[PDB]
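Enquirer:
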Amino acid sequence: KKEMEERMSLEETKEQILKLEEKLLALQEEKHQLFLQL
Amino acid sequence: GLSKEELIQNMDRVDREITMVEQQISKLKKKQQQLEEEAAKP
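If you read the sequences in order, they're chains A and B.
Using the working numbering, read the first sequence as starting at 136 and increasing by one per residue.
Using the working numbering, read the second sequence as starting at 4 and increasing by one per residue.
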C-alpha cells in the first residue's frame, strides 16, 4: 500500500524512546544500592 | 555505615539525578506525538 514510508521512520524514533526506559530503570536501581548501605 | 547522616545526604543527590533523566523522557514522549500525528495525517 502507500503512506508506509513515513511509518518506517517512526519505528526508528521508537527505538530511542524504548532505550530510555532501560536508562530510567537503571537510575532507580542505583539509589536502591544506597539502601543496602543506608 | 558511617554517621547515619553523611550517607543519607548521598541518597538525596542520587534522587536529583533521576529527575533529570526522567524529564528528558517526558519531552521525548511529547515529540513522538508530533511525529506520530504527522505520520497518521493523510
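Cβ coordinates follow ideal geometry from the N, Cα and C atoms, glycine included.
Should residue 37 of chain B be flagged as near chain A, meaning a C-beta pair shorter than 8 Å?
Expert: Taking the second sequence and counting its residues from 1, one reaches residue 37 of chain B at position 34. It does not; no Cβ of chain A falls within 8 Å.
Enquirer: Taking only beta-carbon atoms, is residue 40 of chain B less than 8 Å away from chain A?
Expert: For the purposes of this step, residue 40 of chain B is identified with residue 37 of the second sequence, where counting begins at 1. It does not: the Cβ of residue 40 of chain B has no partner Cβ on chain A nearer than 8 Å.
Enquirer: Examine chain B for any beta-carbon lying closer than 8 Å to the beta-carbon of residue 150 of chain A, and answer yes or no.
Expert: Locating residue 150 of chain A in the first sequence gives position 15, counting from the first residue. No, residue 150 of chain A lies away from the interface with chain B (no Cβ there is under 8 Å from its Cβ).
Enquirer: Give a yes or no on whether 8 Å exceeds the smallest Cβ distance from residue 165 of chain A to chain B.
Expert: Residue 165 of chain A sits at position 30 when you count from the first residue of the first sequence. Interface residue, yes.
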